[PDB]
Every structure is written in C-alpha cells, then in structure tokens.
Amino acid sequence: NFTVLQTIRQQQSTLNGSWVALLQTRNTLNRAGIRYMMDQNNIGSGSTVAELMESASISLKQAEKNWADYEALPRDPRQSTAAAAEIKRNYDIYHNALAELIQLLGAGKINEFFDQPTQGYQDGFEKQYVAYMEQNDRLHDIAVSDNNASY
C-alpha cells in the first residue's frame, strides 16, 4: 500500500520529465532550423545554429535519461505490461525522429526535416502518456482505497 504509492508516483515524476525534455528538444531543434535559415540569407540573430544543436543534445539525453529512470522503476503486479510496452514504443518513435532531426540539420538539408511528421509522433506519445497517467491515477486511488479501508 504505502509503497505502491511512491513507485507509481516516481514513474509519473520521471515520465513527465522525459515528456517535457522531448518537448524542449523539439522546440530547440526548431530554433536551429530557424537560425540556420537566416544563416542562409547571410544573417542570424541570438545564438549560433551550433549551440542550439548541443543544447538540443543535452536536453534529448536529459530526456533519454529521465526515460531510463522510469523504465527502471519496478512495476506493481497490477500494471499492464502491454500498457507499458505501448508508451515505450511511442516514446521510442517520438524520441527517434527527434534524434533523426538533429542529423538532418547537421546534414543541413532542411526541407527533409520540416516535413518529418513529428507532430504525428509527438501526439502518438501524448496519448499513451495520458492513458498511462489515467491508468496510474486509477490504480493509485484503488490502493488508497484498500488502506483507508483496511486501516
């Protein structure tokens, strides 16, 4: 009881961070596509393309890592192994186009990149992430429900 509650909650904790980090990564990568762009009309504001890249790396790995602390969180006998497997592959697709994005940029061909239906992968993840959360909020209360009762 008392214990299935930090687990499920360190899982949220951890999965949110990953979520946010992928999102910060996407937006950064997008300020690179932006500045590589004025950088081709021989202009450029704020920061070099390049720092956005590395800043794009530091965050994707912060993302890759938060995701690892999650996975390493041990599942309650009550959590669907199919559920977990579903968010993970959506996390895997999203994540990957993100990684693939960067490359596209370093490879400089910028039309191949704006066209990656990243929105589709992100959403694919957003859904499971919420479904997951819902699954966990429900389990969570279910536990609180047997304790506060059994007490």
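The first residue of the shown sequence is 1; numbering continues from there.
- The PDB entry reports B-factors from which the mean C-alpha value can be compared for 51-59 and 116-124; the larger average falls on 51-59.
- For the pair 95-103 and 42-50, the mean B factor over Cα atoms is greater in 42-50.
- Across the options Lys109, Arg89, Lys65, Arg26, the residue with the most elevated CA B-factor in the record is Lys109.
- You'll see in the entry that, of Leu15, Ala143, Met133, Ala21, the Cα B factor peaks at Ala143.
- Split the chain's modelled residues into thirds by C-alpha temperature factor. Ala32 is in the middle one.
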